[PDB]
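Q: Need a 3D model of the sequence below.
(3 chains, ligands or ions: 1)
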Amino acid sequence: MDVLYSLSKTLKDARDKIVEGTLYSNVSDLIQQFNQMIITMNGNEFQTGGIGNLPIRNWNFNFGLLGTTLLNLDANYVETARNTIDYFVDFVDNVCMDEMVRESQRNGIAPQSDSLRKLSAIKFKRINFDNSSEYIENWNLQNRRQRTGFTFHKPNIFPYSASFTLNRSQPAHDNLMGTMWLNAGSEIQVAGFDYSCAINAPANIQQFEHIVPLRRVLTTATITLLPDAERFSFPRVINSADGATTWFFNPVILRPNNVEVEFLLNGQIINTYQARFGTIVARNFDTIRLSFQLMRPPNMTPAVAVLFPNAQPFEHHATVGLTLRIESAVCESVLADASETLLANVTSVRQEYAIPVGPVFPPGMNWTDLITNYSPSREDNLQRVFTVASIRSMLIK
Amino acid sequence: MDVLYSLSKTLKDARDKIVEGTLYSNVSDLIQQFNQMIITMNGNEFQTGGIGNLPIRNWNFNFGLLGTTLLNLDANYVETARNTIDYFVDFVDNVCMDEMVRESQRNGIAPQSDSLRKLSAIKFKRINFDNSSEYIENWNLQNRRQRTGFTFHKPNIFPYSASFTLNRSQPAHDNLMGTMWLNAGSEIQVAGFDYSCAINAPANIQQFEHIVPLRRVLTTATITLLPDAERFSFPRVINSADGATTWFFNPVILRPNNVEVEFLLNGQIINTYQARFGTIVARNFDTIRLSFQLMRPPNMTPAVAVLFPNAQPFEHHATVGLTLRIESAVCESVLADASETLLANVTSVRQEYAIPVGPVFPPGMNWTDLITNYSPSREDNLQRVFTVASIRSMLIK
Amino acid sequence: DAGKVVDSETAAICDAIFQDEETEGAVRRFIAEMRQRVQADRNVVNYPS
Ligand SMILES: [Zn+2]
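A: Numbers count the residues shown, from 1 in each chain, chains lettered A, B, ... in the order given. Shown next is the protein structure:
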C-alpha cells in the first residue's frame, strides 16, 4: 500500500516535473527515485483483474534507465519518459481497480489482490517515497495505532431516516402530538407538533425531545443550528405507522421555546447550548440531543385566537422545528462527504465491471445501509478501498 | 507496557528458576536478562501514586549485578536474589496500581502514569523479554493492527436487562400476550406467553420473536440452547410498564413449536437452527434472533381441556420459553467472564484506595453500565487496564 | 568531503565499484557521499564497510 502510493506519487511528479526545457536541478532528485523504481520493478511479472468483467492483464517490466546527463531536458528525454510513465500509469490504474473491487470479512486491512500482495514484499520496499496525502498519512498512523483525523466538509454521518413518532394518537387522527424528523447527509430537521397547542398541558408547555445517536465519534464540528425546520412546515398527508390509513398535517409555526442542544459522549454532556442559534461548535460527541418545547402564546391578537379553540376541531396545528447542519467535522474513521469523490470512484469501479455482491459491502454499495450497520470489519474494508481510490484519483483524473 | 510485562516476566521466572541447589545451566539465560535489567534500571528514579488514597512512593535503584560463577546455586545467591526481586516486585506492584487507577478520554491506549510514561523510552527498551501471555500478545498484535481474539469462558456480553413486552394488553390485565426475558451474563432466558393460548389466533398459532443485539462481534461461540426457560415458569406478580399497578402471571408450559435461532452479522443470516436443541455453534455474529411460536394443542385430554376455555377467565396461562447460554466464545475486544479475575482486580484497586469517578468509566465500575454503552475510548481504557491487571496478577497473586 | 572506510580491502572494493561503468547511478553517487560518524563524547565510532 505504501509502495503503491509511492509509485503513484512518482508518476504524478514525473508527469509534473519532467517537462520540456526544464532545468536538470529541478528534477535531479526525482530521476534518481524513478531510476530506483525502474531498477526495482524490472524482472517482475504481475497479473491484474479476474473478477466480474474486469479483464485479466499480464504486466512485464523491461525498461532502460533514464539519462542523468542533460542540463535542460530536451524533447527526446521527455518522450521516452512519457512512454515509461504511460506504461506504469496503466499498470497502477489496473492494480488500483483490482484492489478497490475486492474485500474480505476476515482481515480487510490486508491487501486482497495478487499484485498488491506481491508489492508488499521488502524487495519492493525501496520504491517507497514521501507519504504526504491525507489518506496515506492516516494509513501510516493507524498502522502504528496512533490518533488520526479525516477532515470532512458536510460528512454523510446520518443514514437516511425520514419518519415520525406519535406521542398522542387515535384512529381519528384529529388530535395528535409528537415529533417528525429528517436525518439526511449532515442535516437533521426535526419538528414537534401538537394539535391542541398545549391547551391542556401543564403550564401550557409541551416538551419535545429528539435523540440522534451517531455511529462514529465526531470531533471539532462546526454546526449551523437554525430554528424553524422548513420541510415540516407545509400541509401534507402522511401514511400511518402500520401504513393502513393516511392523516392530514396542516401546520402553523411557533418559534421554539427553550432550545437545549446537548452533545453527548458516552452519556456525558460535553457541550450544551441553551437558546443560542447561528453557528455553534461541538468539540467531541457521538450523540446529539435536541430538547425544544412548544409554549402556547398567552397573548394573542384576534387573527391568532381563531386558530386555536378550546374545543376539538383544530384546522391549524401547532408545529415547532429545528434544523442542525454539520458543516465540517473531523472524524477518526472514514466517511463520505460533499467534498471528496472517493465513494463515487469506488462505486463507479464496482458498477462499471458488473461485480457480484460480496460478504462485506451492501448490494449496490448502498451508503445508507453501509452507515446504518457500520461494523469495524466494514470500516477496515472501507478505509482500505478509499485509500486505494485516493491513489487512483491522484493518477487517473 | 512491553517493558512492564518484561519486568514482571523476569521477576516471575527469577522467583521460579532461581532456587537453592539448582544447576546453573537451567538459569544461565535468565541471569543475563536480569543483569541487563539491573544495568538498565540503575541511576533512574521513579514516583508512583498520588491519586485518591494511593500513597506517593519514590523509587531509587542502586543494585549490584548477580554472580555468574556458580555451578549449583547456593543459598547466598538465592538470598541476594530474593532481596533484589522483592524490591523490584514492590516497584512493579506500585507501577501497576498507579496505571490501573488512571484513565483518559483522549487516547486511552497510551500510558497515563508518570512511571509508565518514563518506562516507554528506548533507554528502557533493552529490558524487553518474551511476550507470551494472551493479553500482551493481543496488545502487541493490536499495536500493529492485526486480528486478535480473547477466548472467554461464559463471557459477560449481555448487560442485565430483566423486562417484558405486552403485545396485547388492557388495564384489566386478564388477557395478555407478549414476551418476557432475562439477559444476564452469558444467558438469555426468554418466554412468550398468551393467556388465550391462541384460541382466536389464525391457525391456533401465535408467533413470538426476541432480538438481542450485541455490543461486540463474538466469534466461534459454543452455545447451549435448551427449551423451557425455568425462571419464567412459576406464578408471579409483576408491576406494569408505568409501575402503577401489578398483574398476575400463572403459567403452564407448552413446548416451543418451530424454534428458529438465527445468528445475524450486519443483518445477514450467518447461522440458522430450526428445532435443534442441545449444543449449537455460532461462528460469527453480533445479533441473536430467537423466533419461537405457541401452537394450541389440537388434541387434549380432559385434564388439559379444563385449563383453556373459549371464554374469558383464564386461570392458567400458556407460556413457552427458551434458554440460550454462551459457554465459550472468542471476542476481539476485551470483556469479563467467569474464568478470569481481571475485572475483580481492577475494581479492588479502584475501591481499596477510594478513587474519584473519572470521565470514562462508570461510577463504582458498574459493568452493566460499562457494557451498556461500550464506546471505543472506553474499550481502549478497558483493554489497557486489563492488560496491566494481567501483569500484576502474574506478579501479585 | 573527507571519507573513511574501515579496511584497505574495502577501500579497494569501494574504488573498483566507483570506477566501473555498470553500477547504478545512485550507488556510484553514494560511494562518494557516505560518511563516518565519530563521536568524541559517548566513545563511539561508526564506519562504512
Ligand atoms: Zn461546500
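Q: What strand or helix carries residue A:96?
A: helix A:75-100 (DSSP states H and E).
Q: need the next SSE after that helix, C-terminal direction.
A: Criterion used, DSSP H and E; the element after helix A:75-100 is helix A:114-119.
Q: Does that following helix reach chain B?
A: No - under the criterion of C-beta under 8 Å from any C-beta of the partner chain, chain B is not reached by helix A:114-119; the shortest gap measures 15.6 Å. C-beta: built from backbone N, CA, C; applies to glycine.
Q: Leaving out chain neighbours, which residue sits closest to residue A:370?
A: Spatial nearest neighbour of residue A:370, excluding adjacent residues (C-beta to C-beta, 6 or more residues apart in numbering or on different chains): residue A:362 at 5.3 Å.
Q: so that neighbour makes contact with residue A:374?
A: No - with contact defined as C-beta atoms under 8 Å, residue A:362 does not count as touching residue A:374 (10.8 Å).
Q: Of all the residues in the stretch 101-250 of chain A, which one is nearest chain C?
A: When distances are taken as C-beta to the nearest C-beta, the stretch 101-250 of chain A reaches nearest to chain C at residue A:126, 9.7 Å away.
Q: Now the closest residue to that residue other than its chain neighbours: which helix or strand?
A: Sequence neighbours aside, residue A:40 is the residue nearest to residue A:126 in space, at 5.5 Å (criterion: C-beta to C-beta, 6+ apart). Assessed by DSSP H and E, residue A:40 sits inside helix A:30-41.
Q: May I ask which helix or strand encompasses the closest residue to chain B within chain C?
A: In chain C, the residue that lies nearest chain B is residue C:42 (13.4 Å; C-beta to the nearest C-beta). Under DSSP H and E, no helix or strand contains residue C:42.
Q: Number of residues surrounding residue 1?
A: Unless you meant another one, I'm taking chain A. The local packing of residue A:1 (other C-beta atoms under 10 Å in any protein chain shown) involves 21 other residues.
Q: not quite, I wanted chain C
A: 6.
Q: cool, the one 10 residues further on as well?
A: Residues lying near residue C:11 (other C-beta under 10 Å) number 13.
Q: so how far is residue B:23 from the closest residue to it other than its chain neighbours?
A: Counting by C-beta to C-beta, 6+ apart, residue C:11 lies nearest to residue C:5, which is 5.0 Å off, once chain neighbours are set aside. Using C-beta to C-beta, to the nearest Å, residue C:5 is found at 47 Å from residue B:23.
Q: same deal with residue A:326?
A: Counting by C-beta to C-beta, the gap from residue A:326 to residue B:23 is 69 Å.
Q: Stretch A:386-397 near chain B anywhere?
A: No - judged by C-beta under 8 Å from any C-beta, stretch A:386-397 makes no contact with chain B; its nearest approach is 13.4 Å.
Q: how about that stretch as PDB, C-alpha atoms only?
A: Extracted in PDB, the C-alpha atoms of stretch A:386-397 (Å, rounded to 0.1, in the frame of the first residue of the first chain):
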ATOM      1  CA  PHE A 386     -10.900   4.600   0.000                       C
ATOM      2  CA  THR A 387      -7.100   4.800   0.300                       C
ATOM      3  CA  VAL A 388      -6.700   3.000  -3.000                       C
ATOM      4  CA  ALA A 389      -9.400   5.200  -4.500                       C
ATOM      5  CA  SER A 390      -7.300   8.300  -3.400                       C
ATOM      6  CA  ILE A 391      -4.200   6.800  -5.000                       C
ATOM      7  CA  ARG A 392      -6.000   6.200  -8.300                       C
ATOM      8  CA  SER A 393      -7.600   9.700  -8.100                       C
ATOM      9  CA  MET A 394      -4.100  11.100  -7.900                       C
ATOM     10  CA  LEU A 395      -3.100   9.200 -11.100                       C
ATOM     11  CA  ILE A 396      -6.400   8.900 -13.000                       C
ATOM     12  CA  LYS A 397      -8.300  12.200 -13.100                       C
END
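Q: still on that earlier bit, which residues belonging to the helix holding residue A:96 are considered buried?
A: If you call a residue buried by 16 or more other C-beta atoms under 10 Å in any protein chain shown, then helix A:75-100 has these buried ones: A:77-78, A:81, A:84-85, A:88-89, A:91-100.
Q: Do you have the helices of the stretch 101-250 of chain A handy? List them.
A: With helices called from DSSP state H, counting those that start in this stretch, the stretch 101-250 of chain A shows them at A:114-119, A:134-142.
Q: Where do the helices of chain C begin and end?
A: C:8-19, C:25-31 (DSSP state H).
Q: how about the ones you listed in CSV, adding distance to residue B:393?
A: Output for those, formatted as CSV (distance: least, C-beta to C-beta, whole Å):
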stretch, distance to residue B:393
helix C:8-19, 53
helix C:25-31, 52
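Q: winner for burial among those helices?
A: Highest mean neighbour count of the helices of chain C: helix C:25-31, a mean of 15 (counted as mean count of other C-beta atoms under 10 Å in any protein chain shown).
Q: And residue A:326 and residue B:23? Which one has more around it.
A: residue A:326 (24 against 11).
Q: Am I right that the more buried one is in a helix?
A: No - Residue A:326 is assigned strand when assessed by DSSP: H, G, I helix; E, B strand; the rest coil, not a helix.
Q: that older thread, got the helices of the stretch 101-250 of chain A as CSV, with mean neighbour count columns?
A: Output for the helices of the stretch 101-250 of chain A, formatted as CSV (neighbours: other C-beta atoms under 10 Å in any protein chain shown):
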stretch, mean neighbour count
helix A:114-119, 19
helix A:134-142, 18
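Q: got the ones you listed as CSV, with distance to residue B:355 columns?
A: Shown next, in CSV, are these (distance: least, C-beta to C-beta, whole Å):
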stretch, distance to residue B:355
helix A:114-119, 48
helix A:134-142, 32
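Q: Would you convert the ones you listed into JSON lines that also reports distance to chain C?
A: Formatted as JSON lines, the helices of the stretch 101-250 of chain A follow (distance: least, C-beta to the nearest C-beta, whole Å):
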{"stretch": "helix A:114-119", "distance to chain C": "21"}
{"stretch": "helix A:134-142", "distance to chain C": "24"}
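Q: Return the residues in contact with residue 39.
A: Chain wasn't specified; assuming chain A. Counting by C-beta atoms under 8 Å, 6 or more residues apart in numbering or on different chains, residue A:39 touches A:65, C:24.
Q: To clarify, I was referring to chain C.
A: Contacts of residue C:39 by C-beta under 8 Å, 6+ apart are residue C:45.
Q: Next, find the distance separating the nearest residue to residue A:41 once chain neighbours are set aside from chain B.
A: Of all residues not flanking residue A:41 in the chain, residue A:61 sits nearest, at 4.6 Å (C-beta to C-beta, 6+ apart). Going from residue A:61 to chain B by C-beta to the nearest C-beta, to the nearest Å gives 31 Å.
Q: Quick one: neighbours of residue A:61, just the number.
A: 17.
Q: returning to what we had before: nearest to residue B:49, out of the helices of the stretch 101-250 of chain A?
A: Nearest to residue B:49, of all the helices of the stretch 101-250 of chain A, is helix A:134-142, at 33.0 Å by C-beta to C-beta.
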